[PDB]
Number of protein chains: 4
Amino acid sequence: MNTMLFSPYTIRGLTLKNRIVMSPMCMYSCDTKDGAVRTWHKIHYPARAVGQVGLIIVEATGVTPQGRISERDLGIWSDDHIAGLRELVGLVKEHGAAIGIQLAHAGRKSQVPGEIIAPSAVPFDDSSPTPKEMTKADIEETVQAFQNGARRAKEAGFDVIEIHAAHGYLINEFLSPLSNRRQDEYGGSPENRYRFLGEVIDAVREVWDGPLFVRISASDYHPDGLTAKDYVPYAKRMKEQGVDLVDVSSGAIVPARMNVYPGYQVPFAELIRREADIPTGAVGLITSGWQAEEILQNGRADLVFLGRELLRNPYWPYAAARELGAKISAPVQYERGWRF
Amino acid sequence: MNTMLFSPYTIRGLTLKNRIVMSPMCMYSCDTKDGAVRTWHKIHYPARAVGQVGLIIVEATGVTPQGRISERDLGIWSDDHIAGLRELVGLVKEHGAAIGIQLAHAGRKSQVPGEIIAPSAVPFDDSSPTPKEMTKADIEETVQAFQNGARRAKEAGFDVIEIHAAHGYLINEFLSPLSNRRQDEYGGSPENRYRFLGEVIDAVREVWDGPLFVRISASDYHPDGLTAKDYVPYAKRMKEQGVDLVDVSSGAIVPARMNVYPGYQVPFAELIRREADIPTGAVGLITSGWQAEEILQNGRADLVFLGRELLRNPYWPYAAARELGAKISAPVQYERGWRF
Amino acid sequence: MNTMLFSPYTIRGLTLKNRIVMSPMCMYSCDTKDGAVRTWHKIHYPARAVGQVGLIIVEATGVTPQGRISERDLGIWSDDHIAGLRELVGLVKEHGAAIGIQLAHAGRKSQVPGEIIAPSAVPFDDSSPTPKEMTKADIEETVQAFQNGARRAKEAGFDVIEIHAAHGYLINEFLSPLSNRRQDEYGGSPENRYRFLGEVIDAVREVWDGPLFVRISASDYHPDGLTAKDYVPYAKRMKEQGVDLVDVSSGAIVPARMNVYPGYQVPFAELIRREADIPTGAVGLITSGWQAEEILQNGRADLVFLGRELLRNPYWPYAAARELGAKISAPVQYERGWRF
Amino acid sequence: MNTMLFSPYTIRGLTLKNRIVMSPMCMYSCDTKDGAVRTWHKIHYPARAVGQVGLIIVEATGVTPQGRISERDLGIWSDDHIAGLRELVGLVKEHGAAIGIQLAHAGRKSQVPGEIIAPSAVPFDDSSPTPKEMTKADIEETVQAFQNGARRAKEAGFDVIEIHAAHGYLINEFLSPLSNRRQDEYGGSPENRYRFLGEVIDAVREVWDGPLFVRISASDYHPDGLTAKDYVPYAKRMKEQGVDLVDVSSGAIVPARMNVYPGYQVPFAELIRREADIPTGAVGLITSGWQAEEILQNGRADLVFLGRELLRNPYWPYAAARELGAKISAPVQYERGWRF
Ligand SMILES: Cc1cc2nc3c(=O)[nH]c(=O)nc-3n(C[C@H](O)[C@H](O)[C@H](O)COP(=O)(O)O)c2cc1C
Ligand SMILES: Cc1cc2nc3c(=O)[nH]c(=O)nc-3n(C[C@H](O)[C@H](O)[C@H](O)COP(=O)(O)O)c2cc1C
Ligand SMILES: Cc1cc2nc3c(=O)[nH]c(=O)nc-3n(C[C@H](O)[C@H](O)[C@H](O)COP(=O)(O)O)c2cc1C
Ligand SMILES: Cc1cc2nc3c(=O)[nH]c(=O)nc-3n(C[C@H](O)[C@H](O)[C@H](O)COP(=O)(O)O)c2cc1C
């Protein structure tokens, strides 16, 4: 049974052995609170690589200390992070899986003690601290921080880099009018609201020419917020800037009610894919190979991102292969076990 | 867990208790070869009604003897067929399931001994008898047969009627230029090739004002045949004539290779749905409630047609309800067994 | 994958195509309240035959009106019941499934309005009417009713007969000292409490030489009641009298707490099987083919009785066959659907 | 839903959080060929600990170099192995799982280049090297090797120790007449054939008073070989010697045909359990919580050992808990994922 799910996919120079991607998920397991890779990560990620996941994307990694979501996040603001990250990379690549990292900045949604920054001094909600309005210098510092991150990620041996522009974090906050009330050239206009992201992408492409992903929130789920069609122009923009694939998520810019169901974000992925003629990754309640195969075969997305499902079963690819009657390469150690 | 799969759907004033539809499937179980409903059908269909299927479409029923696919098909060319059909109707509606029937004519794909008819004297393949080219009288005679069938179906107490215009059968043969080489008013142009279907729809609507489906073959899978885009104008046409929902299938006008996979015909259904602005039914390798829910929630179709799965498990709705964590009314006899 | 679950089993000369048995389950669907077979039964049972169940035991059928559990039960106290039962027999055997019937008498647990009878004038609980203490004439009259029932069952064309001596009903009430306080030849000792059952078996065998099952309640779940060990001598007794297989259930002689779990009654079945050297049927939360195969291969039982599972899925045998990678004959109509 | 599967079990002073045990499975992943713990093991085992397995038993670890099955086996013949083992122990215990190790000696089935030892100079088969007949000194050396192993295992922080007396390896070879043709006090008699094992157990108990398991092969599957009843006396013996639980497997003493099916070795486990009044572990095609729960509830074994299933899904406990409606403690990191 020849399937698309387990067919190779080539981005730039990198060739993934299948279409299965481990969606970036924070583990909050940096007990040392210095952003260092810990034992938990060294067991957590390689498990999925053994599980035959084609691409494993490391959780949101703060490019600055105040850029972290929490004090237990992975970091990459120092050359000291390279060693631990390099070790992690080796542990993953070892099993035939490609490894990526999600460069992130939590913006006004950072729960790190102290000052937090954002496009405008507007709180996420009435329970969150008011962020500092970023100055011009702040913006350029942060852009430089992202570039430094990409540099270290490449240094560590990462195959793919993703820019976290979603889930209501810093970049997302520049994108949405809900959070961006600036009146300089970084706000008050679709083009202006895109500027920050545009700079981040340029800065990264300046030190990184390998696969580049950008994760977006296709919708704010708010009458005065962004919708999928607002991200078509942005996607075409990202394509022009050398972005290889758009990881299409949604929401979290502000507290909002969201109807959730199997593949509730797939239409966002197909929309961007077809309207902007750019590869996309589908994420959101993808739990079966049957479902993943339909997503791929019907051209709704090129890569399938799994979140919670890969937390429940690190070897999901095996079960999916069984479900689809496909055959994959089991680790020699598990040959007799993965066998029918 | 509030789901769309197990939400009611009203069509023309008929309320289906859910979105699950039993796709019309030939049983070839008329041992008497007279098109009469037999014990098999009386056990086969009601079983799915007990299974809590919302709508059960009875297999292809020949409006004329030579219109049957085989001599073991159900027939409706005689008022004598009513009694048996009415009994079947009661057996099904008894459990809260709506019942439909598929009015059919095999055309050049008929395997019943004797003369077979078609738009043009062109055989389906080198293993099929060459059909007689239909005269005007033949065409009007067949249109009348479709009306007689609808009339009898109404008297039997059917809730829904579907016109079989797909799978390369008679009507499909008029629609496709691959099989229709006529140079009169019934061929040579889009509206001419549609004429036969249009007349059938009108003839039926003259005696039937209930929910009316039309099953189409969205693609001929042939370079010189029809594709989805060809059926958008047709679907709009059908909407104007009072067609309530398009049951979107594909293929079988000529021998052709099909790439089959989960939901391989869903895009056809959504295409027609959104471009023709008409309710559609998705069919083709729909096997899980998870999959079915995605199709509905994402507006790809309004009803989900199940074929093979409903032959494997007549109580599929129960399994799907469990899968989705939905709650449905079990038959009072099975309450202690269906108890989650 | 050669399995024991889907291996034939011959009992007295009757060959069952597999080891799957539909456990007798009351449907309370005799709306006419005359014990007549109704449309429900004619759809309910044959569905499992199409499902490829090897043996289908019809629900508890009252040998006398007051012997019914409720007025909506099947009856067999009249020659008028034969016609309907014979029709049901044909509907089932039509698909290669053997059909059995459970001859029953509710005793003090009868809920039909009027006088109810029992070994002693002791109510099931404080919510049940106190039974009339049976006279010798009553006992012989009831034994004759069981024979009449067997005679009619034979004429209807049944393949297997099961005597309901379990679930705290009439016969069970004679067996258990909790309900049998008689001081005549029918109580006061092990063989005396067995006497009624022994007579019923003899009466039945006088008109029936086919496969004969006896359903027992292996345990009363009461400090002063019977336990499995008490039924070993009884099972040996039954073997001597020509009983072919013991269907081993438990409980319900009085209100009692039961610890229920997968195969919670299997040990009872294996106990009887190995100590009395007699074929047994295992029943009670048997839900998977995996589980069923273990029961058979490990010699815990010879037949597997399914209850609730067969109400949830009439085609369970198909699912179980897939689970075990076994091959079974699909109904010719469903061949393309059951295709693995 | 309160289950036995996820109920604590206490051995000596150790308390397992559930009845789920990871059966010892060779990984052949010691690339350095020095028996050292490698990166593979450090990822392999902790994964199951994260998966909420209650007891994880490390693969067969050779107590001597020639005692290894292969050159890629884990070893424990040197104090140098302690460091790596201690690290492994920490990585496992970290997640609430108890960790054990299987002390092993491959005997005549060793595939290590060079001399191999056995009770008698008889080959496993015509494709295997002829083993050296062990002298008295050889036997005492090997017994001392086992004691040294236990010492180091305790030193490393292991919770449980298992002695590998099965699968036709050294100890098993002393047990079975098929392989043991000695005429000294170590052969020619059930008592004599047990002597080697008896000494090994004593030697271990001399430096270890924590939980002690012994894995046996209940049957040789050969007319002239051992059967389950031969191991009853041995089990009672092991109980007398302070053995806490008998891990009941079977076969592999010589090439033999073996009928395999769900729980094909459970009867061996129950036999030893009830006849010798000693806790046992059941292993062999246990793949579902439903099945595991029946094994526990019916007193067939006290602990459930999973092999291949735990290779296919390291987080099996989660799926089993779901299957049984039980609730367990998910790692905080996976809380949102293991959640319904
Ligand atoms: C525990 C957890 C942590 C997450 N952290 C991240 C993250 O760091 N970066 C990100 O892009 N998405 C994050 N998300 C979202 C997931 O990556 C995923 O896209 C989302 O949960 C939906 O995917 P799923 O339905 O397959 O779980 C997280 C989700 C979960 C449950
Ligand atoms: C045995 C069988 C008979 C069928 N007969 C008909 C038919 O009479 N009319 C029709 O429109 N489709 C017929 N089909 C196609 C089914 O309606 C259904 O669309 C097709 O099998 C694919 O759906 P599925 O993947 O859910 O099985 C038949 C299919 C099968 C397997
Ligand atoms: C609705 C229902 C009706 C039943 N009626 C009978 C009956 O008439 N005779 C009988 O022996 N057992 C009867 N039982 C018990 C079943 O035969 C079966 O042994 C029990 O439900 C447990 O089996 P299971 O776990 O496979 O469902 C009935 C059970 C149910 C759920
Ligand atoms: C790859 C593999 C390695 C094994 N190595 C060992 C071992 O080192 N020690 C042992 O006692 N059993 C070993 N066995 C047997 C397993 O521990 C297990 O008891 C057997 O495979 C049956 O269990 P299962 O059906 O759950 O897989 C091994 C089995 C497999 C498949």
Side-chain angles (χ1 to χ4, degrees), chain A residues 1-24 45-58 85-86 88-103 150 153-163 201 204-205 207-215 238-239 241-248 269 272-273 276-283 286 289 292-306 310 314-318 320-321 324-332 334-335 338, chain B residues 259 261:
Chain A
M1 211 297 191
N2 189 23
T3 68
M4 246 201 268
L5 183 54
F6 294 94
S7 69
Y9 189 74
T10 295
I11 295 183
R12 315 280 273 207
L14 180 70
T15 291
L16 315 172
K17 61 183 173 189
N18 59 50
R19 310 304 186 95
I20 305 173
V21 176
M22 181 175 183
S23 184
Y45 291 107
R48 282 71 191 173
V50 174
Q52 295 311 292
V53 175
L55 177 58
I56 298 174
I57 296 182
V58 172
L85 292 170
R86 176 183 288 104
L88 183 56
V89 172
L91 269 32
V92 173
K93 303 255 293 191
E94 215 169 49
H95 308 277
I99 191 175
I101 182 166
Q102 189 187 51
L103 301 179
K154 176 175 172 65
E155 201 80 34
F158 280 97
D159 302 312
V160 178
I161 293 180
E162 184 185 66
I163 296 173
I201 295 171
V204 168
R205 280 270 83 117
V207 299
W208 173 260
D209 62 359
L212 178 56
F213 289 15
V214 174
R215 191 174 175 108
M238 293 184 284
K239 187 182 182 184
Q241 288 192 280
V243 173
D244 299 308
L245 172 146
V246 181
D247 180 357
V248 186
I272 298 297
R273 183 177 196 266
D277 283 338
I278 190 172
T280 60
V283 70
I286 304 170
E293 184 69 2
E294 180 277 336
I295 288 171
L296 294 162
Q297 292 273 6
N298 284 329
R300 314 201 184 278
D302 305 80
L303 257 34
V304 164
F305 284 54
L306 304 192
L310 227 29
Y315 296 16
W316 182 89
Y318 170 81
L324 293 177
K327 303 225 307 173
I328 62 183
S329 301
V332 290
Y334 303 157
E335 166 52 36
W338 286 30
Chain B
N259 183 31
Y261 55 83

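Atom set for the values below is all heavy atoms of this structure, side chains included, hydrogens, waters and symmetry mates excluded. Chain letters run A, B, ... following the sequence lines, proteins first and then strands; every chain starts at 1.
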Engineer: Taking the side chain from A:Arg300 and the backbone from A:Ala269, do they hold a donor-acceptor pair closer than 3.5 Å?
Structural biologist: no
Engineer: CG/A:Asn2 to CG/B:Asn259 distance, rounded to the nearest 0.5 angstrom?
Structural biologist: 9.5 Å
Engineer: Scan residues 90-99 of chain A for pairs that pass side chain to side chain donor-acceptor pair (under 3.5 Å), counting only residues two or more places apart or in two chains.
Structural biologist: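 Passing the test, one end in residues 90-99 of chain A: A:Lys93-A:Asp159.
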Engineer: Enter the distance from A:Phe158:CZ to A:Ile56:CD1 here, rounded to the nearest 0.5 Å.
Structural biologist: 11.0 Å
Engineer: Just verifying a value: how many Å separate A:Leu296 CG and A:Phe6 CZ, rounded to the nearest 0.5 Å?
Structural biologist: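 These two atoms lie 10.5 Å from each other.
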Engineer: Considering non-hydrogen atoms only, spot the tightest contact between A:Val204 and A:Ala150 and give its length.
Structural biologist: CG1-CB, 3.9 Å
Engineer: Within a strict 4.5 Å, meaning less than it, do heavy atoms of the A:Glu335 and A:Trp338 side chains meet?
Structural biologist: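 No, too far: nothing below the 4.5 Å cut-off.
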Engineer: Any heavy-atom pair between the side chains of A:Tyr45 and A:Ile99 that's under 4.5 Å?
Structural biologist: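 In short, these two side chains do not touch, never coming nearer than 4.5 Å.
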Engineer: If you round to the nearest 0.5 Å, how far is CD of A:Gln52 from CD1 of A:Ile20?
Structural biologist: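 One finds 9.0 Å between CD1 of A:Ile20 and CD of A:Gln52.
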Engineer: With rounding to the nearest 0.5 Å, note down the distance linking CD1 in A:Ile278 to CE in A:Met238.
Structural biologist: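 The distance works out to 6.0 Å.
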Engineer: Determine whether A:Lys154 and A:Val207 satisfy the following criterion, side-chain contact (heavy atoms from CB on, under 4.5 Å), listing intermediate values before the conclusion.
Structural biologist: CA-CA 9 Å; A:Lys154 176 175 172 65; A:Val207 299; over 6 Å; no
Engineer: Nearest heavy-atom pair of A:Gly157 and A:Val89: which atoms, and what distance?
Structural biologist: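 Heavy atoms only, the tightest pair is O-CG1, 3.5 Å.
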Engineer: Mind listing the closest non-hydrogen atom pair of A:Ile161 and A:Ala153 along with its distance?
Structural biologist: CD1-CB, 4.1 Å
Engineer: Hey, are the side chains of A:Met1 and A:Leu324 touching, using non-hydrogen atoms and a 4.5 Å cut-off?
Structural biologist: no
Engineer: What heavy-atom pair brings A:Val92 and A:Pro46 nearest, and what distance separates the two atoms?
Structural biologist: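 Shortest heavy-atom contact: CG2-N, 4.2 Å.
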Engineer: Looking at OG1 of A:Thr280 and CG of A:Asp302, how far apart are the two atoms once the value is rounded to the nearest 0.5 Å?
Structural biologist: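 Atom-to-atom, A:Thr280:OG1 and A:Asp302:CG are 5.5 Å apart.
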Engineer: Using only atom types and a distance under 3.5 Å, with no angle test, would you say the side chain of A:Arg205 pairs donor to acceptor with the backbone of A:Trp208?
Structural biologist: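 Checked: pair present.
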Engineer: Measuring only between side-chain heavy atoms, which start at C-beta, is A:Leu14 closer than 4.5 Å to A:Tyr9?
Structural biologist: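 No. Closest side-chain heavy atoms not under 4.5 Å.
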Engineer: Test side-chain hydrogen bond (donor to acceptor under 3.5 Å, both in side chains) on A:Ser23 and A:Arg215; report intermediate values, then the result.
Structural biologist: CA-CA 10 Å; A:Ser23 184; A:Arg215 191 174 175 108; 3.2 Å; yes
Engineer: How far apart are the closest heavy atoms of A:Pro8 and A:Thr15, and which atoms are they?
Structural biologist: CB-CG2, 4.1 Å
Engineer: Kindly indicate whether the side chain of A:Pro317, heavy atoms from C-beta on, has any atom under 4.5 Å from the side chain of A:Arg48.
Structural biologist: no
Engineer: So, for A:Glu162 and A:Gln102, which heavy atoms are closest and what is the spacing to 0.1 Å?
Structural biologist: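 In this case the closest contact between A:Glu162 and A:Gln102 is OE1-NE2, 3.0 Å.
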Engineer: Among A:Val160, A:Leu245, A:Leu303, which residue meets the side-chain contact (heavy atoms from CB on, under 4.5 Å) test with A:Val21?
Structural biologist: A:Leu303
Engineer: List the steps, then state whether side-chain contact (heavy atoms from CB on, under 4.5 Å) holds for A:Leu212 with A:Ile201.
Structural biologist: CA-CA 9 Å; A:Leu212 178 56; A:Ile201 295 171; 4.2 Å; yes
Engineer: With side chains defined as the heavy atoms from C-beta onward, is the minimum distance between A:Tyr334 and A:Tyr315 less than 4.5 Å?
Structural biologist: yes
Engineer: Do A:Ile295 and A:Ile286 touch side chain to side chain, with heavy atoms closer than 4.5 Å?
Structural biologist: yes
Engineer: Start with the C-alpha gap between A:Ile328 and A:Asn18, add the side-chain angles, then the distance that decides, and say whether side-chain contact (heavy atoms from CB on, under 4.5 Å) holds.
Structural biologist: CA-CA 10 Å; A:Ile328 62 183; A:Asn18 59 50; over 6 Å; no
Engineer: Would a distance-only check, ignoring hydrogens and angles, find a side-chain to backbone donor-acceptor pair under 3.5 Å from A:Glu293 to A:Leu5?
Structural biologist: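 Judged by distance alone, yes, a pair lies under 3.5 Å.
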Engineer: Answer whether the closest heavy-atom distance between the side chains of B:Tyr261 and A:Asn298 falls below 4.5 Å.
Structural biologist: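 When only atoms from C-beta onward are counted, A:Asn298 and B:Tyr261 do touch, with a gap below 4.5 Å.
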Engineer: In terms of side-chain geometry, is the basic nitrogen of A:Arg12 or A:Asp209 positioned less than 4.0 Å from the acidic oxygen of its partner?
Structural biologist: no
